[PDB]
Amino acid sequence: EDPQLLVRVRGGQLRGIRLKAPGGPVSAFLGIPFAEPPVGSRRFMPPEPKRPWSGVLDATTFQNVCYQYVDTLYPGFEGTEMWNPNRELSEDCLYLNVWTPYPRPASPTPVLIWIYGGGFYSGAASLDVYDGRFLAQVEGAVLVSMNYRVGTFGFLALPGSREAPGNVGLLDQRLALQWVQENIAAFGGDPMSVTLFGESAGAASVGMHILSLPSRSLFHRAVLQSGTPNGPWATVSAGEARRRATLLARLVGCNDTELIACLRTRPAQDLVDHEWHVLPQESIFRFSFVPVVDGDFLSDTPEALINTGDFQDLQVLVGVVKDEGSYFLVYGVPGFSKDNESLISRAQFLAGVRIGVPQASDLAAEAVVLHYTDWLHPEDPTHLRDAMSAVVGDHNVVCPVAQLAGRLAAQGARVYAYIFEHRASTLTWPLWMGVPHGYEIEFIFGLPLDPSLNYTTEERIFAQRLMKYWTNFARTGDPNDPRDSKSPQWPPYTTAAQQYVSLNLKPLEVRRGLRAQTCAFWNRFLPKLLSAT
Amino acid sequence: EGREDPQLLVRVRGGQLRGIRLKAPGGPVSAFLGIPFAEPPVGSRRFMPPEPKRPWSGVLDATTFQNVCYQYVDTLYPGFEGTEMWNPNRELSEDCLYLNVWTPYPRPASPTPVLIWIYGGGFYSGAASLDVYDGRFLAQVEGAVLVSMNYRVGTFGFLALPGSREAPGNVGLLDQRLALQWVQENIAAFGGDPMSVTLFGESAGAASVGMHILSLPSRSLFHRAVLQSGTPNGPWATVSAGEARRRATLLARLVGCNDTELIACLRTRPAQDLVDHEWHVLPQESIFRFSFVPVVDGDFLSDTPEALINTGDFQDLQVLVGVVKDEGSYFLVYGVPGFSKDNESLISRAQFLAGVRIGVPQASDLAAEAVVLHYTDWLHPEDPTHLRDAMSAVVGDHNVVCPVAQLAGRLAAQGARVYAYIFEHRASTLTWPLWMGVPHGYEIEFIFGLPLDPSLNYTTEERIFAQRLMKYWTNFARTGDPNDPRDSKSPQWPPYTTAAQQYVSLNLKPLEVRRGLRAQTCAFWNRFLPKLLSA
Ligand SMILES: *[C@@H]1O[C@H](CO[C@@H]2O[C@@H](C)[C@@H](O)[C@@H](O)[C@@H]2O)[C@@H](O)[C@H](O)[C@H]1NC(C)=O
Ligand SMILES: O/N=C/c1cc[n+](COC[n+]2ccc(/C=N/O)cc2)cc1
Ligand SMILES: O/N=C/c1cc[n+](COC[n+]2ccc(/C=N/O)cc2)cc1
Ligand SMILES: *[C@@H]1O[C@H](CO)[C@@H](O)[C@H](O)[C@H]1NC(C)=O
Ligand SMILES: *[C@@H]1O[C@H](CO)[C@@H](O)[C@H](O)[C@H]1NC(C)=O
């Protein structure tokens, strides 16, 4: 019995496991209940705090993954399976994990809270790419990660109802955040320096905590990687959640109370089986059950909230990877695949646009096409393929990111922006996909430091740099290395200068304007074009 | 006769002519100036198509330029060379249907390629007698036969009541065509080859050139064409029949005037009266719009230039087309608040948006907003230098560059051999401010060989470059190909194709080949903007 692996939290005692990191040991406290299991009559309901327990609770192993869809497009291919559930699926899934240095820190240590993505339909804090041991051992960080309910279980809403109020998967997150405030000092964490970080849906979730007042007393800084609360995919209107929830109910054979009661009688896979049948159009980068603009957790649309918000004493780090949209093309757009170069025709490019921008009228999709076509090389298959990925990435990530960055900067936040441009040497997806969505995470988490993983020594050095920016950001709100001099410095992003930096194997480079001309199309013109059909 | 110079006496279908021996830098040229080609379109012949000139008796003196067609005289900058160089330089009269011929001296041994110039001036102005159109250098240096004609402009040339007998419209184009017929019948008398005739013109003249290409009865009268900073397609070069009728009946109201009655009353009006009100009839506050222009009548133009270029067959034709570096700057100072020749014209963002409404007067609010969003630099959305240069570009692109690119593509796709250029050299003698770059019209003195006149103050480099451009223009006239046949060491000028979209820089440096004439931006104007009009 190691005194270092025993912790008394408010609910009772816990026993961790000493793990081996390349540099030395870390303590991990995995599978901690932070809520009552949301099972039975608690399906679709806000989480309740976990009742205290007798004895010493075994926190040496990851808990179950929230009930979700398992990917089937490329069975047994690492590039897809690396995101698939790596534990048993259960609705009993509300647990969090804590890594700390060993011995546990002498003084209060900045806390990093990770919120996974997965389109609000998938994910788990147990995936190898979210391994907290490196950040804990190398940087001295206390690292936290929670499971939150995904899919229908997290986001099925009948707005204004008592029994499916919507946004419960975000309340799961808020609860883990509260758990950290109350409990993290016992692990050596500083609850007075908490930084949220997340990628994709995790980043939009982080963005919703910025925009929801009750969340604001539970963190100090935020990192949003490749996702935003604003934009076309991260929320739905109250009317449209109602539509999709009552559609799913028809599909499984089911007065709000009557309807919800019947949905609660349904086996979990029954919900998942029909989860994708409720989207209004054939689309990609669009998810059925997502946070709803309820007038509660979200008092207005994210767009409204970022336009009028006051972000006085907030610091934010945001960025994108080089090829945000490539990954999504293989899952819906005819002519695209990982098993070849995916060289498309003009006709397939026009069809792909109607799927990547499903909300577009004829005129608006034509404006997209006429903008993304290279008029010197209009029928060139390589250009057309790359433009298709660009449409998807710009519309869904880069331009929302640029819109958020600018509003936050203008409204008194401190913002730092990046583009991640290094393609993992170990990447299993083909070259044409470039640096796809999700593929910065392994570097930020420090995975190249594990020698058995086969990364180059250059990528190990680059990981160490990224871990430093991210933890310097957590410590100080400024990602710059206070010991390093000539770097060059990473400047804050502003609406005037519009400076962001390239994260790649070369030293930092400062660039201005994150797709400025193209994003003006998406953020300024396109709305005016749709709102007159 | 018997005392006169034997080489200056020539007979044409209408009678005997006496010309003048002119001095060009390299030696003498023959010039036959103010040859009447029509009956004076005066009195009851106002607004009427031209009738061929009736034969005269005795020897007609063809030693001085004739009257300039009745027109507006520019007043923005009185005394300023930059504007005055374009103003009438002979008496204004409705009796103006005369043409000019320059040939080598003595006249050429064997039949010589004929170049026919058609002046610009928005269809409301121009004269073939302006200094910048002087044919003496092309004649002397290239051995060229050069013809230029006066045609009617403004209400006199283009006021139409489409369908009427008394004002059918397009008669200014009919003057041009009559002069092309005069060349077929009579140019052999001067050593000119009627089986090798090349039209060239700039701005409205280039539009004119383009309309002879699109008009069947003109096709038998010329063989090759040069369109310089102008096209028959685009937003300014024609109006619909309904719009012409509307403009004609307003002008009529303004001067106090059944179509016969209306026109009979216009014919009783002093020329100056019509001129005094012609600008008063445009539908919006605008620049690069002209009141009285070719009308889509279903006769001279059987359909819109757009319909005809898209569906035409241009098999047996070679075309040279191009643009200057700064097509729009000139137009700004006549109508966009915040722009002047006398300062740097740095404008605010508000002055930009207002200017876009004036430069694109046919645009809805959505369309104007598209233009503003496309041309804004979103790194520096409020920078006054960028906004100034963006404003110029909007106007240049909308009216010239994108119409030209549209034309070149259609023509090339449909049988014609096409060669394309951008003219990027700014005269060392230009009187317009630096900000205006290389304005509309400021290539013409180079094609015409003016720098060769040592009394004009061009650089030696400019003399050499002028000589180069005259070689290209005349090689094109000769052979439908601007490239020197012998000289293979010079860099070549490839044809423009839809596939490769190749064009050349014209500056003091050897030809450089570039690809795509504003391809991204002209997709906005040519492909997207029309569709946003339909909403
Ligand atoms: C540049 O010029 C524009 C036109 O104003 C005219 O020319 C100048 C020299 C004035 O002094 C005035 O006499 C004329 O009406 C102006 O609208 C514009 O403000 C000027 N730009 C600046 C900032 O000087
Ligand atoms: O019940 N869920 C059904 C379902 C959910 C999602 N999809 C499509 O999701 C596949 N997908 C995986 C990863 C990605 C991008 N990852 O970065 C995009 C799309 C199909 C069916
Ligand atoms: O009767 N005519 C009246 C009238 C005509 C034209 N305008 C304005 O046009 C003057 N202008 C001259 C040259 C140019 C461009 N030249 O390249 C643009 C505008 C005012 C009144
Ligand atoms: C790649 O594969 C898909 C389907 O398996 C196919 O539609 C496409 O034509 C292929 N791409 C290329 C390079 O032709
Ligand atoms: C050109 O230069 C001469 C000689 O210096 C000068 O006197 C004359 O006025 C100039 N002429 C023109 C055409 O401007």
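Going by Swiss-Prot, the residues shown for chain A are 35-288, 296-574, listed in order.
The backbone N, Cα and C atoms fix where each Cβ goes, and this holds for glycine too.
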From the list A:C100, A:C288, which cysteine is recorded by Swiss-Prot as disulfide-linked to A:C127? A:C100
Candidate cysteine (A:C303, A:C440) that Swiss-Prot pairs with A:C560 in a disulfide: A:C440
Since the deposited structure skips 7 residues after A:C288 and picks up again at A:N296, how long is the Cα gap in Å? 11
Quick check: in three-state DSSP terms, what is A:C303 (disulfide bond)? helix
Cβ neighbour count (within 10 Å, all chains shown) around A:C303 (disulfide bond): 13
Recorded positions A:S234, A:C288, A:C440 vs A:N381 (N-linked glycosylation site), shortest C-alpha separation belongs to A:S234
For A:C100 (disulfide bond), identify the closest of the recorded positions A:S234, A:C288, A:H478, A:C560, judging by Cα separation. A:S234
So which of the recorded positions A:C100, A:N296, A:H478, A:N495 sit close to ligand 2, that is, with a CB under 6 Å from an atom of it? A:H478
Can you list which of the recorded positions A:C127, A:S234, A:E365, A:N381 have their Cβ under 6 Å from some atom of ligand 4? A:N381
Compare the Cα of A:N495 (N-linked glycosylation site) against each of the recorded positions A:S234, A:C288, A:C303 and report the nearest. A:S234
Alpha-carbon spacing, A:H478 (active site, charge relay system) to A:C440 (disulfide bond), which is rounded to whole Å: 15
In all the protein chains shown, the tally of other Cβ atoms within 10 Å of the Cβ of A:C560 (disulfide bond) is 21
